[PDB]
file entry-v4.cif (mmCIF, C-alpha atoms)
data_data
loop_
_atom_site.label_atom_id
_atom_site.label_comp_id
_atom_site.auth_asym_id
_atom_site.auth_seq_id
_atom_site.Cartn_x
_atom_site.Cartn_y
_atom_site.Cartn_z
CA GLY A 6 -8.66 11.81 15.09
CA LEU A 7 -4.99 12.70 14.63
CA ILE A 8 -2.91 13.64 11.60
CA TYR A 9 0.32 11.67 11.28
CA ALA A 10 3.24 13.18 9.37
CA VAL A 11 5.49 10.28 8.37
CA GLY A 12 9.07 10.55 7.18
CA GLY A 13 10.22 13.02 4.57
CA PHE A 14 13.49 14.80 3.84
CA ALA A 15 15.24 17.92 5.10
CA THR A 16 18.62 19.62 5.22
CA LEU A 17 19.40 19.80 8.92
CA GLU A 18 22.21 21.39 10.91
CA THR A 19 24.51 19.17 12.95
CA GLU A 20 25.86 20.02 16.40
CA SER A 21 29.07 21.20 14.71
CA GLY A 22 26.99 23.40 12.38
CA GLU A 23 27.27 21.46 9.12
CA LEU A 24 24.14 21.14 6.98
CA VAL A 25 23.55 17.52 5.99
CA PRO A 26 20.90 15.92 3.75
CA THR A 27 18.69 13.81 6.01
CA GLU A 28 16.00 11.33 5.13
CA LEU A 29 13.68 11.23 8.12
CA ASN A 30 12.41 8.40 10.28
CA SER A 31 10.58 10.68 12.72
CA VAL A 32 6.78 10.70 12.85
CA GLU A 33 4.73 13.56 14.29
CA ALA A 34 1.06 13.48 15.28
CA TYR A 35 -1.21 16.53 15.18
CA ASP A 36 -4.04 16.94 17.69
CA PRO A 37 -6.52 19.52 16.30
CA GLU A 38 -8.12 20.11 19.71
CA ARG A 39 -4.77 21.25 21.15
CA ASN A 40 -3.26 22.57 17.88
CA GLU A 41 -0.04 20.74 18.74
CA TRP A 42 2.30 18.27 17.09
CA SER A 43 3.86 15.53 19.23
CA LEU A 44 6.41 12.84 18.42
CA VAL A 45 5.33 9.21 18.23
CA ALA A 46 7.36 6.09 17.45
CA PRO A 47 9.67 6.49 14.43
CA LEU A 48 9.83 4.43 11.28
CA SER A 49 12.43 1.69 11.24
CA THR A 50 13.61 2.91 7.82
CA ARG A 51 14.32 6.57 7.02
CA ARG A 52 12.46 7.46 3.86
CA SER A 53 10.94 10.28 1.82
CA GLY A 54 8.52 10.22 -1.08
CA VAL A 55 6.67 7.52 0.90
CA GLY A 56 3.02 6.64 0.35
CA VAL A 57 0.96 6.55 3.54
CA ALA A 58 -2.57 5.21 4.05
CA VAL A 59 -4.77 3.87 6.86
CA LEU A 60 -6.36 0.41 6.87
CA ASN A 61 -8.01 -1.44 9.77
CA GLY A 62 -6.71 0.95 12.41
CA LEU A 63 -3.08 0.82 11.21
CA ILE A 64 -0.98 3.33 9.27
CA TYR A 65 0.95 1.80 6.39
CA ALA A 66 4.13 3.46 5.12
CA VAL A 67 4.81 2.15 1.61
CA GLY A 68 8.04 2.41 -0.36
CA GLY A 69 9.92 5.66 -0.74
CA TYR A 70 13.33 7.15 -1.39
CA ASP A 71 16.67 7.13 0.44
CA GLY A 72 19.33 9.36 -1.11
CA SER A 73 22.16 8.16 1.16
CA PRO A 74 25.38 7.25 -0.71
CA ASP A 75 25.07 3.72 0.80
CA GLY A 76 22.28 1.24 0.34
CA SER A 77 19.18 1.01 -1.77
CA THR A 78 17.83 4.28 -3.16
CA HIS A 79 14.30 3.14 -4.00
CA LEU A 80 12.46 1.16 -1.34
CA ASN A 81 10.13 -1.82 -1.47
CA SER A 82 9.73 -2.06 2.29
CA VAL A 83 6.38 -1.48 4.00
CA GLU A 84 5.85 -0.61 7.67
CA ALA A 85 2.63 -0.67 9.71
CA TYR A 86 1.95 1.54 12.74
CA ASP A 87 -0.22 0.36 15.63
CA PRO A 88 -1.40 3.41 17.63
CA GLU A 89 -2.44 1.35 20.66
CA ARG A 90 1.07 -0.08 21.05
CA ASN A 91 2.86 2.93 19.49
CA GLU A 92 4.99 0.58 17.39
CA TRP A 93 5.92 0.18 13.73
CA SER A 94 6.07 -3.36 12.35
CA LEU A 95 7.33 -4.69 9.04
CA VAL A 96 4.89 -6.34 6.65
CA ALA A 97 5.32 -7.88 3.22
CA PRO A 98 7.42 -5.75 0.84
CA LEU A 99 6.30 -4.52 -2.54
CA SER A 100 7.29 -6.61 -5.53
CA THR A 101 8.75 -3.55 -7.28
CA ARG A 102 10.69 -0.84 -5.45
CA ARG A 103 9.08 2.57 -5.84
CA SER A 104 9.77 6.09 -4.66
CA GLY A 105 7.21 8.83 -5.11
CA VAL A 106 4.42 6.24 -5.00
CA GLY A 107 0.79 7.21 -4.40
CA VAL A 108 -1.22 5.02 -2.05
CA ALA A 109 -4.91 4.76 -1.27
CA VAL A 110 -7.21 2.28 0.44
CA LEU A 111 -10.28 0.85 -1.29
CA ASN A 112 -12.53 -2.06 -0.31
CA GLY A 113 -10.10 -3.32 2.32
CA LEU A 114 -6.96 -3.28 0.15
CA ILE A 115 -4.01 -0.90 -0.07
CA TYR A 116 -3.16 0.15 -3.62
CA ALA A 117 0.38 1.26 -4.41
CA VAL A 118 0.18 3.32 -7.61
CA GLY A 119 3.08 4.27 -9.85
CA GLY A 120 6.35 5.65 -8.56
CA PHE A 121 9.94 5.57 -9.77
CA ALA A 122 12.84 3.14 -9.53
CA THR A 123 16.18 2.31 -11.08
CA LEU A 124 15.66 -1.17 -12.50
CA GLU A 125 17.97 -3.66 -14.18
CA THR A 126 17.35 -4.61 -17.80
CA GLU A 127 17.77 -8.11 -19.21
CA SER A 128 21.20 -7.05 -20.50
CA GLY A 129 22.04 -5.91 -16.95
CA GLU A 130 21.88 -2.15 -17.52
CA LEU A 131 20.30 0.01 -14.82
CA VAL A 132 17.76 2.41 -16.28
CA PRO A 133 15.60 5.11 -14.65
CA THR A 134 12.00 3.93 -14.86
CA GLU A 135 8.79 5.75 -14.10
CA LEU A 136 6.27 3.08 -13.16
CA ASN A 137 2.81 2.25 -14.46
CA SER A 138 2.45 -0.88 -12.32
CA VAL A 139 -0.07 -0.98 -9.48
CA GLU A 140 0.12 -3.42 -6.56
CA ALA A 141 -2.66 -4.27 -4.11
CA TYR A 142 -2.02 -5.36 -0.52
CA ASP A 143 -4.37 -7.78 1.23
CA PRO A 144 -3.76 -7.53 5.01
CA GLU A 145 -5.47 -10.88 5.70
CA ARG A 146 -2.93 -12.68 3.49
CA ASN A 147 -0.03 -10.22 4.00
CA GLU A 148 0.54 -10.32 0.24
CA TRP A 149 0.89 -7.83 -2.61
CA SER A 150 -0.64 -8.71 -5.99
CA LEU A 151 -0.57 -6.94 -9.34
CA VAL A 152 -3.72 -5.28 -10.65
CA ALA A 153 -4.29 -3.36 -13.88
CA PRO A 154 -1.57 -0.76 -14.61
CA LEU A 155 -1.90 2.94 -15.18
CA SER A 156 -2.09 4.05 -18.79
CA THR A 157 0.59 6.68 -18.07
CA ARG A 158 3.81 5.94 -16.19
CA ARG A 159 4.18 8.51 -13.44
CA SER A 160 5.77 9.26 -10.07
CA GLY A 161 5.03 11.97 -7.53
CA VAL A 162 1.35 11.26 -8.27
CA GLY A 163 -1.48 12.17 -5.90
CA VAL A 164 -3.88 9.31 -5.21
CA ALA A 165 -7.27 9.37 -3.47
CA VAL A 166 -10.51 7.37 -3.35
CA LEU A 167 -13.92 8.78 -4.25
CA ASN A 168 -17.17 6.87 -4.85
CA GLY A 169 -15.48 3.49 -5.07
CA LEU A 170 -12.83 4.60 -7.59
CA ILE A 171 -9.13 5.34 -7.16
CA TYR A 172 -8.03 8.57 -8.81
CA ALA A 173 -4.41 9.04 -9.89
CA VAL A 174 -3.79 12.76 -10.28
CA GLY A 175 -0.88 14.44 -12.06
CA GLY A 176 2.71 13.47 -11.43
CA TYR A 177 6.17 13.43 -12.94
CA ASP A 178 7.77 11.73 -15.95
CA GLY A 179 11.53 12.22 -16.21
CA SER A 180 11.86 10.62 -19.65
CA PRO A 181 13.93 12.64 -22.16
CA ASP A 182 10.82 12.69 -24.43
CA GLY A 183 7.42 14.17 -23.75
CA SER A 184 5.88 16.17 -20.96
CA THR A 185 7.69 16.15 -17.62
CA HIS A 186 4.85 17.43 -15.42
CA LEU A 187 1.47 15.79 -15.91
CA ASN A 188 -2.08 17.13 -15.91
CA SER A 189 -3.67 13.78 -16.71
CA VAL A 190 -5.99 12.02 -14.28
CA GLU A 191 -6.87 8.31 -14.28
CA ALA A 192 -9.65 6.50 -12.42
CA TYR A 193 -9.51 2.85 -11.33
CA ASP A 194 -12.64 0.70 -11.14
CA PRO A 195 -11.93 -2.35 -8.93
CA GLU A 196 -14.99 -4.26 -10.15
CA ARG A 197 -13.77 -4.10 -13.76
CA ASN A 198 -10.03 -3.91 -12.91
CA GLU A 199 -9.68 -1.06 -15.39
CA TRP A 200 -8.15 2.43 -15.42
CA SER A 201 -10.04 5.09 -17.38
CA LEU A 202 -9.16 8.67 -18.22
CA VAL A 203 -11.14 11.56 -16.78
CA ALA A 204 -10.86 15.32 -17.13
CA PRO A 205 -7.28 16.62 -16.82
CA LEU A 206 -6.11 19.24 -14.37
CA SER A 207 -6.01 22.80 -15.64
CA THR A 208 -2.39 23.16 -14.43
CA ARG A 209 0.19 20.38 -14.72
CA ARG A 210 1.60 19.39 -11.35
CA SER A 211 4.12 16.89 -10.05
CA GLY A 212 4.48 16.24 -6.35
CA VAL A 213 0.82 17.18 -5.84
CA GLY A 214 -1.08 16.33 -2.67
CA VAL A 215 -4.58 14.95 -3.13
CA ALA A 216 -7.44 14.49 -0.68
CA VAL A 217 -11.20 13.92 -0.83
CA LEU A 218 -13.66 16.09 1.07
CA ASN A 219 -17.45 16.39 0.77
CA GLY A 220 -17.54 14.47 -2.50
CA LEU A 221 -14.80 16.42 -4.31
CA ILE A 222 -11.16 15.63 -5.04
CA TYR A 223 -8.78 18.45 -4.14
CA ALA A 224 -5.44 18.70 -5.95
CA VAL A 225 -3.17 20.81 -3.73
CA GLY A 226 0.07 22.45 -4.78
CA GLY A 227 2.77 20.68 -6.74
CA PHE A 228 5.45 21.77 -9.18
CA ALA A 229 5.60 22.50 -12.91
CA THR A 230 7.71 24.21 -15.54
CA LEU A 231 5.42 26.91 -16.89
CA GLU A 232 5.74 29.43 -19.70
CA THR A 233 5.73 33.12 -18.82
CA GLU A 234 4.02 35.81 -20.87
CA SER A 235 7.41 36.57 -22.44
CA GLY A 236 7.66 32.88 -23.37
CA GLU A 237 10.37 31.83 -20.91
CA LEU A 238 9.99 28.53 -19.08
CA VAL A 239 10.41 28.92 -15.33
CA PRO A 240 10.36 26.37 -12.48
CA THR A 241 7.23 27.07 -10.44
CA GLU A 242 6.15 25.68 -7.11
CA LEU A 243 2.37 25.92 -7.07
CA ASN A 244 -0.06 27.48 -4.62
CA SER A 245 -3.11 26.77 -6.78
CA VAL A 246 -5.72 24.24 -5.66
CA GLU A 247 -8.18 22.55 -8.02
CA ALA A 248 -11.34 20.66 -7.06
CA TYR A 249 -12.78 17.81 -9.12
CA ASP A 250 -16.53 17.20 -9.26
CA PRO A 251 -17.13 13.63 -10.51
CA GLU A 252 -20.76 14.35 -11.43
CA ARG A 253 -19.66 17.07 -13.88
CA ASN A 254 -16.21 15.60 -14.70
CA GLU A 255 -14.71 19.07 -14.28
CA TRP A 256 -11.92 20.69 -12.29
CA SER A 257 -12.49 24.16 -10.81
CA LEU A 258 -10.18 26.48 -8.90
CA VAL A 259 -10.71 27.08 -5.20
CA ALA A 260 -8.75 29.27 -2.78
CA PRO A 261 -4.96 28.87 -3.09
CA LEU A 262 -2.46 27.90 -0.46
CA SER A 263 -0.70 30.77 1.27
CA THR A 264 2.65 29.02 0.66
CA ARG A 265 3.66 27.57 -2.71
CA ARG A 266 4.83 24.02 -2.15
CA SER A 267 5.35 20.61 -3.74
CA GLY A 268 5.96 17.22 -2.18
CA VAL A 269 3.28 18.23 0.35
CA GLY A 270 1.31 15.73 2.42
CA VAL A 271 -2.45 16.25 2.34
CA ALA A 272 -5.16 14.68 4.50
CA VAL A 273 -8.69 15.40 5.70
CA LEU A 274 -9.68 15.69 9.36
CA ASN A 275 -12.94 17.04 10.81
CA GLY A 276 -14.10 18.56 7.55
CA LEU A 277 -10.83 20.41 6.86
CA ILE A 278 -8.02 19.68 4.41
CA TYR A 279 -4.56 19.88 5.95
CA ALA A 280 -1.54 20.65 3.77
CA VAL A 281 1.57 19.51 5.65
CA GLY A 282 5.18 20.44 4.93
CA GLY A 283 6.67 20.20 1.47
CA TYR A 284 9.37 21.57 -0.79
CA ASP A 285 10.18 24.99 -2.26
CA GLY A 286 13.07 25.00 -4.73
CA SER A 287 13.22 28.79 -5.09
CA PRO A 288 16.75 30.24 -4.78
CA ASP A 289 15.51 32.34 -1.80
CA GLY A 290 14.01 31.17 1.45
CA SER A 291 13.55 27.84 3.13
CA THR A 292 13.69 24.76 0.91
CA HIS A 293 12.02 22.25 3.24
CA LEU A 294 8.83 23.39 4.95
CA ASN A 295 7.44 22.90 8.43
CA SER A 296 4.33 24.99 7.82
CA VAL A 297 0.84 23.49 7.89
CA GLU A 298 -2.29 24.99 6.31
CA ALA A 299 -5.94 24.04 6.85
CA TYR A 300 -8.69 24.50 4.26
CA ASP A 301 -12.30 25.22 5.26
CA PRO A 302 -14.61 24.40 2.31
CA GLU A 303 -17.56 26.32 3.78
CA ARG A 304 -15.54 29.55 3.88
CA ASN A 305 -13.20 28.68 0.96
CA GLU A 306 -10.22 29.82 3.02
CA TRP A 307 -6.83 28.40 4.01
CA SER A 308 -5.64 29.12 7.55
CA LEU A 309 -2.32 28.48 9.25
CA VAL A 310 -2.07 26.03 12.12
CA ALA A 311 0.81 24.84 14.28
CA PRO A 312 3.95 23.99 12.28
CA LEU A 313 5.76 20.68 12.37
CA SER A 314 8.68 20.44 14.76
CA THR A 315 10.92 19.14 11.93
CA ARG A 316 10.79 20.49 8.38
CA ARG A 317 10.00 17.78 5.85
CA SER A 318 9.52 17.57 2.11
CA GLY A 319 8.16 14.43 0.51
CA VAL A 320 6.26 13.62 3.72
CA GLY A 321 3.46 11.08 3.82
CA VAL A 322 0.34 12.07 5.75
CA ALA A 323 -2.62 10.06 6.99
CA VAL A 324 -5.41 10.47 9.53
CA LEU A 325 -6.13 7.89 12.22
#

call {"tool": "encode", "arguments": {"input": "entry-v4.cif", "output": "structure tokens"}}
result
Amino acid sequence: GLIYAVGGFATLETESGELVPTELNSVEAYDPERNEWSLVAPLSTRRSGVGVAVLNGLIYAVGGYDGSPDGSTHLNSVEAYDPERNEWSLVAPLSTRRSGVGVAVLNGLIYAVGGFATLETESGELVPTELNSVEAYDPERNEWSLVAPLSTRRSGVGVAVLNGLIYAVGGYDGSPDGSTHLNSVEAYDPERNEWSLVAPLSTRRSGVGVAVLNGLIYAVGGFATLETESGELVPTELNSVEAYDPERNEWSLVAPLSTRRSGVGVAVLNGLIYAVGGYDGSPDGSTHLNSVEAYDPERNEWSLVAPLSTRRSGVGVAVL
């Protein structure tokens, strides 16, 4: 019955007044009855672009990014939060490091979908790699195993479960060739161990937050390079929200966010979608967001609720 905001990144002022890039280990919990965020136990490992999902009463924080000049940049480590003990434990790491990984839970397994890493070639060269690999975590065995890969390599992908399928929505591909911001959507059938294509988003979006409510998938916010009427390509944080109906295999627009944002954490609690934090790369205004919006599907409206105590982009969000 609480929303947990896990990790993320912000530029924060020191006591001496210097602004420093900070990957976050802090975790905040939102109580909707009180409309308040409160700190809980922090992650062991500071991380942003982390995938977060709930399984068997525990929150799992999977992979992520650490831009510090020391140490690994792309993480394979996985932490598990016990709310009764208010403690984070380490579990088995991913086989492949991945930042900007999407995670969802289906049939008692955690799926880690896509992401990005710098990986060594056979010749020893380090190359930037968007990932198509998908790993599944069995908590009874404390083991990750490979399942079928995505058709399309992608990071910053939104992942959610609907009607026994995992949907991988949008994302980012930094290759020098081809589209950088994705509208494509894939669906994973665990019985067949197969990914299929479904209807694409109307607007391409990387760093999109995805949640399922009342039988629809909502794709919330994100970022894309979009052509203006004059033909110029401009970087655009998105406020648009699209809803996917699996019976019709169609996306439709619903009410937009008040605040354009990417790298936003999205989760469902008590029949509302919460959009938590995120990133705004505009040359004006705050870059890392503490604001939180709540979507009512009956009224088709987004409202503001209490903001996070610490701004955070690339935050993972789950409900427990």

call {"tool": "closest_atom_pairs", "arguments": {"input": "entry-v4.cif", "of": "region 69-166 of chain A", "to": "region 40-61 of chain A", "cutoff": "8 Å", "atoms": "all atoms listed in the file", "output": "tab-separated table"}}
result
residue	atom	partner	partner_atom	distance
A:69	CA	A:55	CA	4.1
A:70	CA	A:53	CA	5.1
A:71	CA	A:52	CA	5.4
A:84	CA	A:48	CA	7.4
A:91	CA	A:46	CA	5.9
A:92	CA	A:46	CA	6.0
A:93	CA	A:48	CA	6.3
A:104	CA	A:54	CA	5.6
A:105	CA	A:54	CA	4.5
A:106	CA	A:56	CA	5.5
A:107	CA	A:56	CA	5.3
A:108	CA	A:56	CA	5.1
A:109	CA	A:58	CA	5.8
A:110	CA	A:58	CA	6.6
A:113	CA	A:60	CA	7.0
A:114	CA	A:60	CA	7.7
A:115	CA	A:60	CA	7.4
A:117	CA	A:56	CA	7.7
A:161	CA	A:54	CA	7.5

call {"tool": "resolve_selection", "arguments": {"input": "entry-v4.cif", "expression": "the PyMOL selection byres ((chain A and resi 187) around 9)", "output": "PDB file with C-alpha atoms, in the coordinates of the input"}}
result
ATOM      1  CA  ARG A 159       4.180   8.510 -13.440  1.00  0.00           C
ATOM      2  CA  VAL A 162       1.350  11.260  -8.270  1.00  0.00           C
ATOM      3  CA  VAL A 174      -3.790  12.760 -10.280  1.00  0.00           C
ATOM      4  CA  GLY A 175      -0.880  14.440 -12.060  1.00  0.00           C
ATOM      5  CA  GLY A 176       2.710  13.470 -11.430  1.00  0.00           C
ATOM      6  CA  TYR A 177       6.170  13.430 -12.940  1.00  0.00           C
ATOM      7  CA  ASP A 178       7.770  11.730 -15.950  1.00  0.00           C
ATOM      8  CA  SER A 184       5.880  16.170 -20.960  1.00  0.00           C
ATOM      9  CA  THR A 185       7.690  16.150 -17.620  1.00  0.00           C
ATOM     10  CA  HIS A 186       4.850  17.430 -15.420  1.00  0.00           C
ATOM     11  CA  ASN A 188      -2.080  17.130 -15.910  1.00  0.00           C
ATOM     12  CA  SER A 189      -3.670  13.780 -16.710  1.00  0.00           C
ATOM     13  CA  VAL A 190      -5.990  12.020 -14.280  1.00  0.00           C
ATOM     14  CA  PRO A 205      -7.280  16.620 -16.820  1.00  0.00           C
ATOM     15  CA  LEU A 206      -6.110  19.240 -14.370  1.00  0.00           C
ATOM     16  CA  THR A 208      -2.390  23.160 -14.430  1.00  0.00           C
ATOM     17  CA  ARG A 209       0.190  20.380 -14.720  1.00  0.00           C
ATOM     18  CA  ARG A 210       1.600  19.390 -11.350  1.00  0.00           C
ATOM     19  CA  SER A 211       4.120  16.890 -10.050  1.00  0.00           C
ATOM     20  CA  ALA A 229       5.600  22.500 -12.910  1.00  0.00           C
TER      21      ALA A 229
END

call {"tool": "atom_distance", "arguments": {"input": "entry-v4.cif", "atom1": "CA of residue 222 (chain A)", "atom2": "CA of residue 248 (chain A)"}}
result
5.4 Å

call {"tool": "closest_residue", "arguments": {"input": "entry-v4.cif", "among": "A:112, A:101, A:169, A:295", "to": "residue 137 (chain A)", "atoms": "all atoms listed in the file"}}
result
A:101

call {"tool": "closest_residue", "arguments": {"input": "entry-v4.cif", "among": "A:73, A:138, A:244, A:308", "to": "residue 100 (chain A)", "atoms": "all atoms listed in the file"}}
result
A:138

call {"tool": "atom_distance", "arguments": {"input": "entry-v4.cif", "atom1": "CA of residue 149 (chain A)", "atom2": "CA of residue 116 (chain A)"}}
result
9.0 Å

call {"tool": "atom_distance", "arguments": {"input": "entry-v4.cif", "atom1": "CA of residue 12 (chain A)", "atom2": "CA of residue 288 (chain A)"}}
result
24.3 Å

call {"tool": "residues_around", "arguments": {"input": "entry-v4.cif", "residues": "region 236-243 of chain A", "least_positions_apart": "5", "cutoff": "10 Å", "atoms": "only C-alpha atoms", "output": "list in words"}}
result
residues 208, 209, 210, 211, 212, 213, 225, 226, 227, 228, 229, 230, 231, 261, 262, 264, 265, 266, 267, 268, 284, 285, 286 and 287 of chain A

call {"tool": "closest_residue", "arguments": {"input": "entry-v4.cif", "among": "A:277, A:111, A:202, A:97", "to": "residue 150 (chain A)", "atoms": "all atoms listed in the file"}}
result
A:97

call {"tool": "closest_residue", "arguments": {"input": "entry-v4.cif", "among": "A:323, A:29, A:217, A:258", "to": "residue 276 (chain A)", "atoms": "only C-alpha atoms"}}
result
A:217

call {"tool": "residues_near_point", "arguments": {"input": "entry-v4.cif", "point": "(-17.2, 16.9, 3.2)", "cutoff": "12 Å", "atoms": "all atoms listed in the file", "output": "PyMOL selection string"}}
result
chain A and resi 167+216-223+273-278+300-303

call {"tool": "resolve_selection", "arguments": {"input": "entry-v4.cif", "expression": "the PyMOL selection byres ((chain A and resi 152-156) around 7)", "output": "short mmCIF file (atom, residue, chain, number, x, y, z; two decimals) with C-alpha atoms, in the coordinates of the input"}}
result
data_model
loop_
_atom_site.label_atom_id
_atom_site.label_comp_id
_atom_site.auth_asym_id
_atom_site.auth_seq_id
_atom_site.Cartn_x
_atom_site.Cartn_y
_atom_site.Cartn_z
CA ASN A 137 2.81 2.25 -14.46
CA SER A 138 2.45 -0.88 -12.32
CA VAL A 139 -0.07 -0.98 -9.48
CA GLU A 140 0.12 -3.42 -6.56
CA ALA A 141 -2.66 -4.27 -4.11
CA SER A 150 -0.64 -8.71 -5.99
CA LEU A 151 -0.57 -6.94 -9.34
CA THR A 157 0.59 6.68 -18.07
CA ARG A 158 3.81 5.94 -16.19
CA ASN A 198 -10.03 -3.91 -12.91
CA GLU A 199 -9.68 -1.06 -15.39
CA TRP A 200 -8.15 2.43 -15.42
#

call {"tool": "axis_aligned_box", "arguments": {"input": "entry-v4.cif", "around": "region 135-145 of chain A", "padding_each_side": "6 Å", "output": "AutoDock Vina command-line options"}}
result
--center_x 1.7 --center_y -2.6 --center_z -4.4 --size_x 26.3 --size_y 28.6 --size_z 32.2

call {"tool": "closest_residue", "arguments": {"input": "entry-v4.cif", "among": "A:75, A:123, A:193, A:63", "to": "residue 94 (chain A)", "atoms": "only C-alpha atoms"}}
result
A:63

call {"tool": "closest_residue", "arguments": {"input": "entry-v4.cif", "among": "A:103, A:195, A:183, A:203", "to": "residue 254 (chain A)", "atoms": "all atoms listed in the file"}}
result
A:203

call {"tool": "resolve_selection", "arguments": {"input": "entry-v4.cif", "expression": "the PyMOL selection byres ((chain A and resi 310-313) around 9)", "output": "ChimeraX atom specification"}}
result
/A:10,33,35,37,40-43,281-282,294-299,308-309,314-317

call {"tool": "residues_around", "arguments": {"input": "entry-v4.cif", "residues": "residue 124 (chain A)", "least_positions_apart": "2", "cutoff": "7 Å", "atoms": "all atoms listed in the file", "output": "PyMOL selection string"}}
result
chain A and resi 122+126+131-134

call {"tool": "decode", "arguments": {"input": "entry-v4.cif", "residues": "region 18-32 of chain A", "atoms": "N, CA, C and O atoms", "output": "CSV table (one decimal), in the first residue's frame"}}
result
chain,number,residue,atom,x,y,z
A,18,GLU,N,23.5,20.3,-4.2
A,18,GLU,CA,24.4,21.3,-3.7
A,18,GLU,C,25.1,20.8,-2.4
A,18,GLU,O,24.4,20.2,-1.5
A,19,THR,N,26.4,20.9,-2.3
A,19,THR,CA,27.1,20.6,-1.1
A,19,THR,C,27.0,21.6,0.0
A,19,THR,O,26.4,22.7,-0.2
A,20,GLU,N,27.5,21.4,1.2
A,20,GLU,CA,27.5,22.3,2.2
A,20,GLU,C,28.3,23.6,1.8
A,20,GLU,O,27.9,24.7,2.2
A,21,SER,N,29.4,23.4,1.1
A,21,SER,CA,30.1,24.6,0.6
A,21,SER,C,29.5,25.3,-0.6
A,21,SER,O,30.0,26.3,-1.0
A,22,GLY,N,28.4,24.7,-1.2
A,22,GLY,CA,27.7,25.3,-2.2
A,22,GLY,C,28.0,24.8,-3.6
A,22,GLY,O,27.4,25.3,-4.6
A,23,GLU,N,28.9,23.9,-3.8
A,23,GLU,CA,29.2,23.3,-5.1
A,23,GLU,C,28.1,22.3,-5.5
A,23,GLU,O,27.5,21.6,-4.7
A,24,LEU,N,27.8,22.3,-6.8
A,24,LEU,CA,26.8,21.4,-7.3
A,24,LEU,C,27.5,20.2,-7.9
A,24,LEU,O,28.4,20.3,-8.7
A,25,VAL,N,27.2,19.0,-7.3
A,25,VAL,CA,27.9,17.8,-7.7
A,25,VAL,C,26.9,16.7,-8.3
A,25,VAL,O,25.8,16.6,-7.8
A,26,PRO,N,27.3,16.0,-9.3
A,26,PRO,CA,26.5,14.9,-9.8
A,26,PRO,C,26.4,13.8,-8.8
A,26,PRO,O,27.5,13.4,-8.3
A,27,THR,N,25.2,13.3,-8.5
A,27,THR,CA,25.0,12.4,-7.4
A,27,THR,C,24.1,11.3,-7.8
A,27,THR,O,22.9,11.5,-8.1
A,28,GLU,N,24.6,10.0,-8.0
A,28,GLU,CA,23.8,8.9,-8.0
A,28,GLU,C,23.2,8.6,-6.6
A,28,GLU,O,23.9,8.9,-5.6
A,29,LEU,N,22.0,8.2,-6.5
A,29,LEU,CA,21.3,8.2,-5.2
A,29,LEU,C,21.2,6.8,-4.7
A,29,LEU,O,20.9,5.8,-5.4
A,30,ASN,N,21.4,6.6,-3.3
A,30,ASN,CA,21.0,5.4,-2.7
A,30,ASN,C,19.8,5.5,-1.8
A,30,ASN,O,19.3,4.5,-1.3
A,31,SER,N,19.3,6.7,-1.7
A,31,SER,CA,18.1,6.9,-0.8
A,31,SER,C,16.8,6.4,-1.4
A,31,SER,O,16.7,6.3,-2.7
A,32,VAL,N,15.9,6.0,-0.6
A,32,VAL,CA,14.7,5.4,-0.9
A,32,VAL,C,13.6,6.0,-0.1
A,32,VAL,O,13.7,6.1,1.1
